[PDB]
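A quick write-up on the structure given underneath.
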Amino acid sequence: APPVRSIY
Amino acid sequence: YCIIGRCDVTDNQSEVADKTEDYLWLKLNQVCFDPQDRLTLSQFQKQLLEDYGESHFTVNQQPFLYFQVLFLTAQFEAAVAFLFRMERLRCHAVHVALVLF
């Protein structure tokens with residue numbers, strides 16, 4: 001369950 | 001502990017690794033080379049795009065996120081073709097292909 005929120 | 005011991009590969013430690021780069025980094029510190037609780041680059045690289053393809057990593061309509069996932073896992077051809085389809089990033093995908101060429 002890896003996140004899809006890019007480091008911003 | 002399991003970054004030092006490369007254990008509990010299934011547990012994504014989502015409490016601390018909430019970003020995508022934190023996941024990649026969490027796993028590349030867990031990959032192994034030559035049977036239980038063990039992950040290798042081949043499994044990880046295939047496991048990522050086969051099960052969680054573009055669809056999973058492009059729902060936020062952010063293309064580079066998926067590209068970084070493929071490129072930082074040595075899957076350069078996938079990342080090149082993928083990024084070559086974005087009509088706004090054709091230029092960039094051709095050249096990253098030339099460099100690899």
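If you're wondering about the labels, chains in the structure tokens are A, B, ... by order shown, residues count from 1 in each chain, ligands from 1 in order shown.
Residue-level contact on chain A: within 6 Å of chain B, counting only C-alpha atoms, the set is residues 3, 4, 5, 6 and 7 of chain A.
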Item to check | residue 6 of chain B surroundings by only C-alpha atoms, 9 Å radius, close-in-sequence under 5 positions cut, as a list in words | outcome: residues 1, 27, 29, 30, 31, 32, 37, 38 and 39 of chain B
Keeping only N, CA, C and O atoms, write the selected residues to a file as a CSV table (one decimal), in the first residue's frame.
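Contents of selection-v6.csv, as written:
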```csv
chain,number,residue,atom,x,y,z
B,1,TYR,N,14.8,0.0,12.9
B,1,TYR,CA,15.2,-1.4,13.2
B,1,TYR,C,15.2,-2.2,11.9
B,1,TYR,O,16.2,-2.8,11.5
B,27,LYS,N,12.2,1.0,0.8
B,27,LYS,CA,12.4,-0.3,0.2
B,27,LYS,C,13.8,-0.6,-0.3
B,27,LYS,O,14.3,-1.7,0.0
B,29,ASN,N,16.4,0.3,0.8
B,29,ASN,CA,17.1,0.0,2.0
B,29,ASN,C,16.7,-1.4,2.6
B,29,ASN,O,17.2,-1.8,3.6
B,30,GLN,N,15.7,-2.1,1.9
B,30,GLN,CA,15.3,-3.4,2.3
B,30,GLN,C,15.5,-4.5,1.3
B,30,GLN,O,15.4,-5.7,1.6
B,31,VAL,N,15.8,-4.1,0.0
B,31,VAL,CA,16.1,-5.1,-1.0
B,31,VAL,C,17.3,-6.0,-0.5
B,31,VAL,O,18.1,-5.5,0.2
B,32,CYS,N,17.3,-7.2,-1.1
B,32,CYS,CA,18.4,-8.1,-0.7
B,32,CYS,C,18.9,-8.8,-2.0
B,32,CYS,O,18.3,-8.8,-3.0
B,37,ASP,N,10.4,-13.3,4.3
B,37,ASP,CA,10.6,-11.9,4.7
B,37,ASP,C,11.8,-11.3,4.0
B,37,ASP,O,12.6,-10.6,4.6
B,38,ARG,N,11.9,-11.6,2.7
B,38,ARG,CA,13.0,-11.1,1.9
B,38,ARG,C,12.5,-10.6,0.5
B,38,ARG,O,11.6,-11.2,-0.1
B,39,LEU,N,13.0,-9.5,0.1
B,39,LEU,CA,12.6,-8.8,-1.2
B,39,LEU,C,13.9,-8.5,-2.0
B,39,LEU,O,14.9,-8.1,-1.4
```
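The space separating atom CA of residue 94 of chain B from atom CA of residue 42 of chain B comes to 25.3 Å.
Proximity ranking of B:40, B:47, B:75, B:61 relative to residue 2 of chain A places B:47 first, based on only C-alpha atoms.
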Checklist entry - Tell me, which residues of chain B carry DSSP strand (DSSP E or B), written as a PyMOL selection string? => result chain B and resi 31-32+39-40
Item to check | Within 10 Å of residue 77 of chain B using only C-alpha atoms, minus same-chain residues under 4 positions, as a list in words | outcome: residues 70, 71, 81, 82, 83, 96, 97 and 100 of chain B
